[PDB]
Amino acid sequence: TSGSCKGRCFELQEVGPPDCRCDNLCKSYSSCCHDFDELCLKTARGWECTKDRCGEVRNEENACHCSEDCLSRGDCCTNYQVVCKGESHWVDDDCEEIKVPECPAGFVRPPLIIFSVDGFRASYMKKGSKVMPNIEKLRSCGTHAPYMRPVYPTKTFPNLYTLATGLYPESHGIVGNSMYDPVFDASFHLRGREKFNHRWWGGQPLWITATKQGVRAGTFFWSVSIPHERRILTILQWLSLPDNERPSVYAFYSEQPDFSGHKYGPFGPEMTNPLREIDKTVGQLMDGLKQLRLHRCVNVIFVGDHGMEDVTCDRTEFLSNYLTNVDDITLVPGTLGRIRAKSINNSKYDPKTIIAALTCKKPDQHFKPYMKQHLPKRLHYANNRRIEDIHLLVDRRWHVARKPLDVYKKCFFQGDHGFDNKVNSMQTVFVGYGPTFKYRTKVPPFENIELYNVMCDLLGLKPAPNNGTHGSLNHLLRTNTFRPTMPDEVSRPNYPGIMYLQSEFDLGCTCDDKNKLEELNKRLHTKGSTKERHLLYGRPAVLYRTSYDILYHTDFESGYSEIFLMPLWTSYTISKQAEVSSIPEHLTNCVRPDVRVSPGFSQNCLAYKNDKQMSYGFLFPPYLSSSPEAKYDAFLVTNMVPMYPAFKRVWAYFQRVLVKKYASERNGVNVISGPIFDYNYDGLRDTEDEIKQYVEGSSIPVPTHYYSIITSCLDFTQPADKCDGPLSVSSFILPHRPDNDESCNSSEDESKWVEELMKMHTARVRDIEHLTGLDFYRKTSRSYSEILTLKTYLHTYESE
Ligand SMILES: *[C@@H]1O[C@H](CO)[C@@H](O[C@@H]2O[C@H](CO)[C@@H](O[C@@H]3O[C@H](CO[C@H]4O[C@H](CO)[C@@H](O)[C@H](O[C@H]5O[C@H](CO)[C@@H](O)[C@H](O)[C@@H]5O[C@H]5O[C@H](CO)[C@@H](O)[C@H](O)[C@@H]5O)[C@@H]4O)[C@@H](O)[C@H](O[C@H]4O[C@H](CO)[C@@H](O)[C@H](O)[C@@H]4O[C@H]4O[C@H](CO)[C@@H](O)[C@H](O)[C@@H]4O)[C@@H]3O)[C@H](O)[C@H]2NC(C)=O)[C@H](O)[C@H]1NC(C)=O
Ligand SMILES: O=C(CCc1c[nH]c(=O)o1)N1C[C@H]2CCN(C(=O)c3cc(OCC4CCOCC4)nc(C4CC4)c3)CC[C@H]2C1
Ligand SMILES: [Ca+2]
Ligand SMILES: [Cl-]
Ligand SMILES: [K+]
Ligand code: NA
Ligand code: NA
Ligand SMILES: [Zn+2]
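For reference, each letter of the sequence shown is one residue, going 54 to 463, 468 to 571, 576 to 861 in PDB author numbering.
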């Protein structure tokens, strides 16, 4: 702190102790030079010019200047030209399409300014629009989504760092605002020094991606005591540096409206002022850009990290009300819960019994416990040693705490966030404005994991490997689009014919089964004659090395795995007209050998008989067969999959009731169903040596999940099989569980709980692609980028 900040204010390259720092983060480290405050955080005379301040003689003690040299120097007050040159405020100008970057000579690319606002709930765009005129102009003149989905948990650090890396928290490492890493034996907290250590922070964030590729970055982080006006002026000043020193990417962060929303609730009357203040800050940025003639050159992103919900202390569930042993557990509390043993020397500690004591115990229980691998796959919240094996998903509006003492010894607060990222109130904002963004364009909602890629595109950078689907946000952009090619199929299928006699099959299976017109008929169905009906978008590509067969049938086509002894995928189309029939009595326990598939690559009924826990189901539902004759195909051993009796309740209702219901509402649907194996809960397809469970005494592996992809025409006046334009999709990844403990109402009728469980396990097609190594929608007439957008769509089942 002995050295000086003279001419070093907000140095871009930080310096090494014990030499004092003048970087915008030095306050946060107590390493600022003695004179930092006087030299770098000047405030003299305020933030604005007045009439009398114009053409003044430069006074270095001022906050910002109104002299005439200031423009070259880059440090005029942001309203200088308005008060001293008759100019108008950016907000008061009509918008004009920005067809090309209109940049000063010397700029090699449009700079990018990322303006992030903590806790900026998506509905503030509509509800606060009267008091945010600069933000409303960006929104209605630029590209905007009605909202942007955060990642889970909907906390500040996990979301800011996803924005920076394009990674799910489980991959980047910042899986909460608070963490314990058992390998380091260290804790990460909001307050304190451990969070600065580099070993917490995985992946490659944008500022490191920029630097490694020759693009210079302004520093993204700001000490909370540097006032917002000083942050804006600093960025404007950096933008005035000579070509060889001037950064190309900048970030401003605002602590508002999050700070106030915690105290007052998302819509407390006190919330108007922070919203005005954010707007005025945007105003200043745009005014300042306009003076430097940079307001049609720079791309501006206005983005939130998460929204904000109404939460008060009277809405707290206490674990002490459920557990006798509360003192043998550590709880990461609040809008999510993570539980571990207080002491790893405690050999009596048992997650199963803790879960059981936490499961459906009160009529209106406001949290639900999970082993982390049983959490909905759409949250991608398991594959990190910093995520405790026991997780509590907390109802929106609620807290979970260990004991009452914690709450009144640590009603103050009215707002909080952290809940499931599908929750409406957690949704945040996205606006893009600039030469590279589209003009007056609304785009559909998307996930924040997608932005890193887009920010790399806006700067001409190659993104590090990440969880975005690169190309899925091309429709936000006027140019710099990224044009990916479909992945190459790695394995080609066999097309087996009839090669085996009934009597070669010793499977312990039985079935009650027993004309030249109709015989040529049947053979063609087996040759793939109706495949254009049931495979509407082409067969999926297998993206890994395996042996598999395509099997055709009247009512469905499948890609049958010789390794896993079941289909990887089964595909079928159900028209609006289609009729549900029931399984005939003579066929209730019917399983038939498939004369195209070797007994050695087939399942067997004995294994299921022997396995007291495991039963079986069918991927193509016998209920939906087009004729009594076609129904025999649905009972083929190659259409069969292992299912727990508890899960059969779910599956049967989906197949007997819901598929037809969706076909009614959507004017026909195409369905692709199959098994998922994710025993190590990494969100990726298991190889065969990773499978932890098999049907008793056989090589039949047991899936962890079952998926379905349900596709139809976006224009529902066209039938699914005759669709001329964009598609509509919803999908699910259902956990394959031996009980229905997840659904508190499961002893009632399937119609009261099944559809709710499915909504909870809604999925993107892209989630199913990672989990299966398949690539879907290979043959459509749609552009590939549009297909990528479709694959990343998540049907949320939240109201308007
Ligand atoms: C979302 O996108 C991300 C980014 O693409 C995807 O994550 C990738 O998944 C890959 C496949 O699982 C994974 O590949 C592995 O790389 C290993 C090398 O890892 C280091 O180097 C990379 C590159 O710089 C670095 O990114 C890694 O950083 C991780 O770990 C550090 C330090 O621990 C953390 O700071 C950081 O946050 C990150 O942690 C995350 O990833 C790891 C897995 O790497 C998780 O376990 C953590 O929980 C956390 O999520 C690393 O520093 C390499 O060792 C692996 O190779 C093994 O398997 C292959 C098979 O090809 C084999 O050839 C090798 O020999 C090796 O096997 C040997 O080791 C095995 C394990 O020790 C052992 O069992 C065997 O017996 C063998 O001896 C593997 O290729 C890649 O690292 C991550 N990247 C990131 C950033 O997470 C992610 O999958 C996407 N998610 C979805 C759902 O799509
Ligand atoms: O005070 C708080 C949070 C308190 C709080 C309330 N609710 C909650 O969850 O946390 N903080 C005090 C600190 C305030 C200053 N911060 C940063 O400079 C910053 C910005 C930032 O941008 C990343 C860009 C990436 C590109 O796209 C736009 C965002 N990435 C970080 C971390 C992740 C590297 C920190 C905010 C975080 C701190 C957190
Ligand atoms: Ca896996
Ligand atoms: Cl947390
Ligand atoms: K059985
Ligand atoms: Na480039
Ligand atoms: Na139940
Ligand atoms: Zn907050």
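We treat Cβ as the ideally placed atom computed from N, Cα and C, and that holds for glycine.
beta-carbon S231 near ligand 4 non-hydrogen atom, thresh 7 angstroms: yes
Outcome for residue 574 when other beta-carbon atoms lying within 10 angstroms are tallied against a minimum of 16: Since the chain is numbered 571 and then 576, with no step between, residue 574 has no place in the structure shown.
Alpha helix (DSSP H) segments (min. 4 residues) lying fully within the region 109-141: 123-126, 133-137
Proximity below 8 angstroms, CB of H822 to CB of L795: yes
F305 in three-state terms, based on DSSP: strand
heavy atom of ligand 2 below 7 angstroms from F476 C-beta: no
With 16 other Cβ atoms within 10 Å as the buried cut-off, status of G390: buried
Alpha carbon of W254 to alpha carbon of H225, nearest angstrom: 6 angstroms
Helix, strand or coil at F241 according to DSSP, with G and I counted as helix: strand
DSSP-derived helix/strand/coil call for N728: coil
Contacting residues, own chain, Cβ-Cβ under 6 angstroms from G256 (five flanking each side not counted): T218, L220, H225
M483: CB within 7 angstroms of a non-hydrogen atom of ligand 5: no
Contacting residues, own chain, Cβ-Cβ under 7 angstroms from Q290 (five flanking each side not counted): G127, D128
Which listed residue (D105, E282, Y200) has its alpha carbon closest to that of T96: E282
Check: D810 C-beta below 7 angstroms from any heavy atom of ligand 7: no
Cβ-heavy atom distance, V204 to ligand 4, below 7 angstroms: no
First and last residue of the uninterrupted alpha helix (DSSP H) at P211: 209-218
Reduced DSSP category for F89 - H, G, I as helix; E, B as strand; rest coil: helix
Beta-carbon gap between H595 and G472 smaller than 8 angstroms: no
Opposing strand residues paired with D836 [DSSP bridges]: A602
Collapsed DSSP secondary structure at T765 in the structure displayed: coil
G517 beta carbon near ligand 6 (any heavy atom closer than 7 angstroms): yes
Segment contact flag, the region 481-493 with the region 528-538, C-beta cutoff 8 angstroms, min 3 pairs: yes
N551 in three-state terms, based on DSSP: strand
Uninterrupted beta strand (DSSP E) stretches inside the region 789-834 (no shorter than 3 residues): none
Buried versus exposed call for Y609 [16 or more other C-beta atoms within 10 Å across all chains shown]: buried
Local conformation of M185 per DSSP, three classes: coil
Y669 beta carbon near ligand 5 (any heavy atom closer than 7 angstroms): yes
Cβ contact check for the region 727-734 and the region 629-638: 3 or more pairs under 8 angstroms: yes
Supposed close pair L648, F715 - CB separation, criterion 8 angstroms: About 20 angstroms separates the two Cβ atoms, so there is no contact after all.
Any non-hydrogen atom of ligand 8 within 7 angstroms of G387 CB: no
Cβ pair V453, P386 closer than 8 angstroms: yes
Nearest-angstrom Cα separation, counted from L612 out to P553: 8 angstroms
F420 and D448 closer than 8 angstroms at C-beta: yes
Start and end residues, beta strand (DSSP E) containing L384: 382-385
Within the region 350-393, ranges of the beta strand (DSSP E) (whole runs, at least 3 residues): 352-357, 369-371, 382-385
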